[PDB]
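Given as structure tokens, the chain that follows is alone and in the form deposited in one PDB entry.
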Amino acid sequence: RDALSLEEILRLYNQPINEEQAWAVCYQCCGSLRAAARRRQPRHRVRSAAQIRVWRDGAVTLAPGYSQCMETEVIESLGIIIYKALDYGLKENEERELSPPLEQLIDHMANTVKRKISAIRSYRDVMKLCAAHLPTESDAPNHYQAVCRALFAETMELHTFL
């Protein structure tokens, strides 16, 4: 229709996502999560890749102060899922060497941890590490949206034509 889950995406290629797509999904997903928080929609954890929806327009959404789910738990469940997607279907021996800025983003999201950075406390924090990946940080909104739009268009050519 207008969205593909990250789980359908991984099954269609039978390959992992690439590094740019990981940065993009974190940024886009965190922007949606931050907007949902403001609309006071309820926080929930990313239990699996099936909950991460990439849309035709490059949005990434998450399908079903202090409360029963902190921002950092949501962010940790996201960095774990993105780690899984970067590692999708690879033997232990053909394991993945991530560029240091990315490994470090994911570590700090997952709580699995200038060479060393600070702790992440919020969606904004994650989106700023993502921006910092670009030579011109003000390009991030358009850039990460463009990455996911491309990923959606590419993956629809396999989803529509099994």
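Start at 1 and count along the sequence shown; that's the residue number. For clarity, a rigid core is taken as the largest C-alpha set superposing within 1.5 Å between two forms. Residues that one form lacks are left out of the comparison.
We do not show the form solved in complex with a partner chain, though everything after this point is about it.
Asks: Heavy atoms within 4.5 Å of the partner chain in the entry with it bound: which stretch in 48-56, 34-42, 104-112, 133-141 meets that?
Replies: Heavy-atom contact with the partner occurs in 104-112.
Asks: So in the entry with it bound, is the partner chain close enough to residue 73 to count as touching (4.5 Å, heavy atoms)?
Replies: Residue-level check for residue 73: no, no contact with the partner chain.
Asks: Consider residue 124 of the chain shown here, and say whether it contacts the partner chain in the entry with it bound, taking contact as heavy atoms within 4.5 Å.
Replies: Contact with the partner chain, no.
Asks: Is residue 94 one of the residues whose C-alpha moves 2 Å or more between this form and the one not shown after the core fit?
Replies: Residue 94 C-alpha, core-superposed: shift of 2 Å or more.
Asks: Note down every stretch of 3+ consecutive residues with C-alpha shifts of 2 Å or more between this form and the one not shown, superposition done on the rigid core, in sequence order.
Replies: Only one moving run appears between this form and the one not shown, namely 91-95.
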